[PDB]
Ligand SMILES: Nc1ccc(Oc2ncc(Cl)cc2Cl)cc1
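As structure tokens, one chain now follows by itself in the form deposited without the ligand.
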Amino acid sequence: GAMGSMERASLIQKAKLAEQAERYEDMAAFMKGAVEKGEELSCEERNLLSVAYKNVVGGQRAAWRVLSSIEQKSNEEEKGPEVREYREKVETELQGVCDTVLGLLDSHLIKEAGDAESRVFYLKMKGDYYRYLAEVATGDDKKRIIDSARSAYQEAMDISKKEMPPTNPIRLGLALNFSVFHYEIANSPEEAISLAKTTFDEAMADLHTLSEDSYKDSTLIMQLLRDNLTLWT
């Protein structure tokens, strides 16, 4: 791509500069360039990739929600096609970013990921971006998109349970997001609550094994699980 001529190390360096500057679109482009070099990503690099795209898509999701709501209120005086047009524009751009991320995961991050930490990380991402596609899906394929999210989260969950301690932050964040998928996308609030509780409880029981810094890392995501449980019960 447009980053083809830049050194991998330079792209990573610039991704970090872009993060410091809160330039997430640039950060994402730098990391896409780095992935397209064809080498596996390190832990730190994977995190840079995730943060970049999470922020980009996060902004798009927030704007889509503002627009979709304005649209819904318009469909309860006639304002013409503009609200629908502009929501569609934002939606299409969001879909594009999700397709780009899914493309990177498929070519060829997931297939080269052998260690649990990387494989779970990339499958969670795959679940997340199909979840974002699901949030805006209304055509026939809402179901298949939902199943694609579910399948990726499930594979990640199966690996995480076999290969990671209950306090592992990736495992915790995966469970958090799969529990959100159940509640918000799959119309399965009981499953969401059950998942969040079991995850929280099993992590608590394993905190005794951790260093002070790991304990801080694990308890943080645990608090997000607790926050959801409080909202949902």
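All residue numbers refer to positions in the sequence shown, first residue = 1.
Beyond the structure shown, there is the form solved in complex with the ligand, which is absent from this document and is the topic of what follows.
- Among residues of the shown chain, residue 8 is not one whose heavy atoms approach the ligand to within 4.5 Å in the entry with it bound.
- In the entry with it bound, the ligand sits beyond 4.5 Å of every heavy atom of residue 37.
- Heavy atoms of residue 193 reach within 4.5 Å of the ligand in the entry with it bound, making it an interface residue.
- For residue 200, a non-hydrogen atom is located within 4.5 Å of the ligand in the entry with it bound, even though that partner is not displayed.
- Within 4.5 angstroms of the ligand in the entry with it bound, the stretch 200-233 places a non-hydrogen atom from each of 200, 226, 229, 230, 233, taken in sequence order.
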